[PDB]
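Just one chain follows, in the form deposited in one PDB entry, and it is written as structure tokens.
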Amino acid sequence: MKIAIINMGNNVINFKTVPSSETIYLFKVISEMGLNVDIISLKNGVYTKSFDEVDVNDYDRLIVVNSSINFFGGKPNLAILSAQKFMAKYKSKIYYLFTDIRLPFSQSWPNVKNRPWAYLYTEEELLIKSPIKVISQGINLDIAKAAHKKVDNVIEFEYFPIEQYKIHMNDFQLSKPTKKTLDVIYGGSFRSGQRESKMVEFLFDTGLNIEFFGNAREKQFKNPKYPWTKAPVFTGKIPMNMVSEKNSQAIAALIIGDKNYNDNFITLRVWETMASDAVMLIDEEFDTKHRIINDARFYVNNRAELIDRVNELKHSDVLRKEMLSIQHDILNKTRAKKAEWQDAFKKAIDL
């Protein structure tokens, strides 16, 4: 049994970029559950083999991490092209890890054919015909199915909480008590404005000391429908393996998601936040049935409620520590099901 994992549209090297980091974490968690796996990327490296040094058919399973296949600017993105060429040569079923609703599987050919550099690729080299099984992080599968309507080879849809890998890593540990320097914190990208309303609601004009880390920038928030006066402090990106430490600098950390994540996706940030020294505060709309934690104190409906909840936490260190103790206990209950999680993953990739 030999497994190959690749990122469909981003180079994989180290932990400097999110797509590279997530691919390496997945490689590591799969290796830790008893499996011979290789990451195949553009070049040979600490964690990877090169597309041109291996034969895709030497592998029995091909796992693909979702990614955008948009060609920005006027140049051939080799990370996208080489990955799809690799996929096109594979004979067996391809397992597509769907962790972001904006990144469903799709063919790059339709786009490539109309580029000025189209002469560099043939339809045969890029058109992927192998059957595809979408492994969705969404438990309802409704979004995954709708997102993959324009694809015919996708013959299967199965749910699996992929991003729980954060807590199942062999080197994982809960964050320790940290000196507080912020009231509220949130880390992430602008996500092409797909979450602007929620970001403005909970992180702007709060009167609190809030930090927004990640690729997002203040100048990106300009939608007239979601006005604001005072923005949080944007500090820039940091490595994915430093996120829990960053979250721990605040009294509370926010959990929000795209509309379609609601009552469906339990994202990586849920675990990165729950494991941190910051109290996890969740937008009620994101998890209306309170599947993450059965304690309403961890949920807020709007800006006003967030402010009040944070004020309560700043006023009582006892309450803050009580809530942290509860969320850490809940996280431990899921960690206790590691073996079941691993077996479920193996079942998902037909092992």
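Numbering starts at 1 and runs along the sequence shown. Heads up, when I say rigid core I mean the largest set of C-alphas that superpose within 1.5 Å between the two forms.
Below, we turn to the form deposited in another entry, even though it does not appear here.
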Exercise. Can a Cα shift of no less than 2 Å be assigned to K219 between this form and the one not shown, given superposition on the rigid core?
Worked result: yes
Exercise. Against the rigid core, is the Cα displacement of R191 between this form and the one not shown at least 2 Å?
Worked result: yes
Exercise. Honestly, after the rigid core fit, is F160 moving at least 2 Å at Cα between this form and the one not shown?
Worked result: no
